[PDB]
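Let's start with one chain on its own, the form deposited in one PDB entry, as structure tokens.
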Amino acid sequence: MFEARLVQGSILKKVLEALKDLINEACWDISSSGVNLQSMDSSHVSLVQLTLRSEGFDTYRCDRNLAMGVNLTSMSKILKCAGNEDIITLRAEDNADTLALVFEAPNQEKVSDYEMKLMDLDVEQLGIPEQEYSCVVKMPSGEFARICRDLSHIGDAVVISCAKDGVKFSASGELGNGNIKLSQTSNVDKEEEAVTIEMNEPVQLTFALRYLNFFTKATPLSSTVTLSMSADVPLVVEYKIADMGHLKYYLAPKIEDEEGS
């Protein structure tokens, strides 16, 4: 039997809003360390993960290790029920296809319950390696969303160059080409607004661009995003909350193949 109680239920809605356009049904697993979502997207190009650990939830009660497959196309739209302050009770039974939800407003009068129908899932698990990344940058998520949305209309790919001066983005297309420069600011008292770097060697990479536009919908989840990358590795983008945990994406780079040669 599986019981969960959450009072900041808006973050789950933000998660489903961010992931509603990318994957149509994903995999969840529940353990004594919490809930994990480590899944491949529909086009089989890159890895996404939610880490909703045990003490992040307000009340957690799990009996055994389990895994379930929940379609996002129904649960994302039924989580549109809440506003910004409602609290959520979640139950997953042992051998029942129905998954139960209870929905309480903070007025201590309003109570709701819903039932979900589940389906089987057969998705291969891809191993999780921990590799060092040469360039780590930590910048506020608002400017990340703005820069991705503003390079969204240039072309279909983006070029990232991490150098001793700072970080540069670039894009090209029929209407034109444009690059963006971000330096480092170290005279601000807010860590959420501060950008910071650590570098080992300059990094040059090329990546998908509309797909980053698709994953820049998690901006209201966290105010700060950390990007880690190096040569010939997937780029890691993570949003970490001061209280809640981290949302992480591994993105594989472009093929970079010479069609003529």
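One rule holds for the numbers: they count along the sequence shown, beginning at 1.
Absent from the display: the form solved in complex with a partner chain. The rest refers to it.
Here the marked residues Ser46, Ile128 and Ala252 all reach the partner chain in the bound PDB entry, each with a heavy atom within 4.5 angstroms. In the bound PDB entry, the partner chain sits beyond 4.5 Å of every heavy atom of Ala218. Contact annotation: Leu50 falls outside 4.5 Å of the partner chain in the bound PDB entry, judged by heavy atom distances.
Proximity of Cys62 to the partner chain in the bound PDB entry falls outside the 4.5 Å heavy atom cutoff. At a distance threshold of 4.5 angstroms between non-hydrogen atoms, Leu227 is out of contact with the partner chain in the bound PDB entry.
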